[PDB]
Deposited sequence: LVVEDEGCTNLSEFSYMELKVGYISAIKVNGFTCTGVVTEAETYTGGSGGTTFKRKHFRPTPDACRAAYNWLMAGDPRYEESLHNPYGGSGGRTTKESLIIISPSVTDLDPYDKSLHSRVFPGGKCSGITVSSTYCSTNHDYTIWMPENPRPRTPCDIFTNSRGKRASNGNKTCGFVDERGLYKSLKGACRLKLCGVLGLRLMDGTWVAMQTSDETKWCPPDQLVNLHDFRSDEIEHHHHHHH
């Protein structure tokens, strides 16, 4: 359950956010510059929606080779040659935060790590300060962002 002899709340805690987009296809391979202008008309275009992980800022979808990408920062290539994916808008929403409650601390001036409302001990060992939607909170080594009392940079 716990680690390291730590035994004794309200915090802000945070990947289902969609990023609308499309795909360009021609049997030729690449027009990044005119694909956008083809979209600004509001080669062929079809809607393809992806999700971005708020920490890696990485778009995820089956159309992507390994299911990941990043946005150069202009185009993104898929499984095939002729297909490049491009966003309708070249960012994490700031309306995906919440207020959880797990009480955590071992000594008076020492905090080891918290426990979710499910019961799981996340340790505060080896975490780093991370800015996320403009508010400064720690990124844990397990990979979840929390806004705690806080001394390293991710």
- Query: Going from the first residue of the deposited sequence to the last, where are the unmodelled runs?
  - Reply: 1-2, 11-13, 20-24, 37-56, 73-99, 129-131, 151-152, 213-215, 220-243
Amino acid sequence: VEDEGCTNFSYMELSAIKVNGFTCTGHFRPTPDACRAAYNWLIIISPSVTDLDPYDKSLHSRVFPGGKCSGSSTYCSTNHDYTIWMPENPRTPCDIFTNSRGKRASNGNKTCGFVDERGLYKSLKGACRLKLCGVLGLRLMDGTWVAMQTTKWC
From here on, numbers count along this sequence of modelled residues.
- Query: Taking only the CA atoms, which stretch has the higher mean B-factor in the record, 56-64 or 101-109?
  - Reply: 101-109
- 131-139 set against 17-25, stretch whose average Cα temperature factor tops the other in the entry: 17-25
- Message: Take the CA temperature factors straight from the PDB entry and tell me which of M86, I96, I45, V115 peaks.
- Response: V115
- Query: Thinking about Cα B factors across the chain, which third does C6 belong to?
  - Reply: highest
- Message: Please place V49 in the lowest, middle or highest third of its chain according to the CA B-factor in the PDB entry.
- Response: lowest
- Within this chain, which third does the Cα B-factor at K122 fall in: lowest, middle or highest? middle
